[PDB]
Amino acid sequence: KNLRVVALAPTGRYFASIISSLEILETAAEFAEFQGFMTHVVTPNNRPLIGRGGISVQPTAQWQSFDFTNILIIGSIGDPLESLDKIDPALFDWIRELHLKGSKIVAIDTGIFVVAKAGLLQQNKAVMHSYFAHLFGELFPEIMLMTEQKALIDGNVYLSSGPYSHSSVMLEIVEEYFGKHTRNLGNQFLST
């Protein structure tokens, strides 16, 4: 009847992939002619993001208003060495809880460092792109990087390295909720 996506965009330095993921998800919901699909961008302090090219991005929901969601997307944190330790602990608690309650958790780009830190991976295996793979190895040497995959699914946790291509994960989620034809229409839209 209704599906909710909450997309946490930790930094305006790298928020495009959050926006592209929502564009793909909503487009597929239109192909499915599904009427109860609701998405929300939220920011870690519920303040505007400062994006590139002199833009300000103002959300209209606070992350604290969401006790439940079907899908949570955790976007880029930019350079984890800069940001990871600065993330509000209450926000880690919120991700941890949503995961415990059964939300799908989709982590893209350095958002993967957030799910690593939070212990969401049941099997302790992950993926990261070459630019940040060394650092991921330094921080999480107990997590095996699957070096020939760009994406990985572990229970309800979906990882997509990107940084900008997240087709396999997004289409997987599309097929789960909307079925094969919608996924295939999605795939055709994406000209993969």
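So that there is no doubt, residue numbering starts at 1 and follows the sequence shown.
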109 to 117 set against 80 to 88, stretch whose average Cα temperature factor tops the other in the entry:
80 to 88
Averaged over C-alpha atoms, is the B-factor higher for 56 to 64 or for 144 to 152 in this PDB entry?
144 to 152
Third of chain Cα B-factors occupied by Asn124
highest
Ranked against its chain, the third holding the CA B-factor of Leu98
middle
Of the three thirds of its chain by CA temperature factor, lowest, middle or highest, which one includes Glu26?
lowest
Cα B factor band for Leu8 (lowest, middle or highest third within the chain)
lowest
Looking at the temperature factor on the CA atom of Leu159, which third of the chain's modelled residues does it land in?
lowest
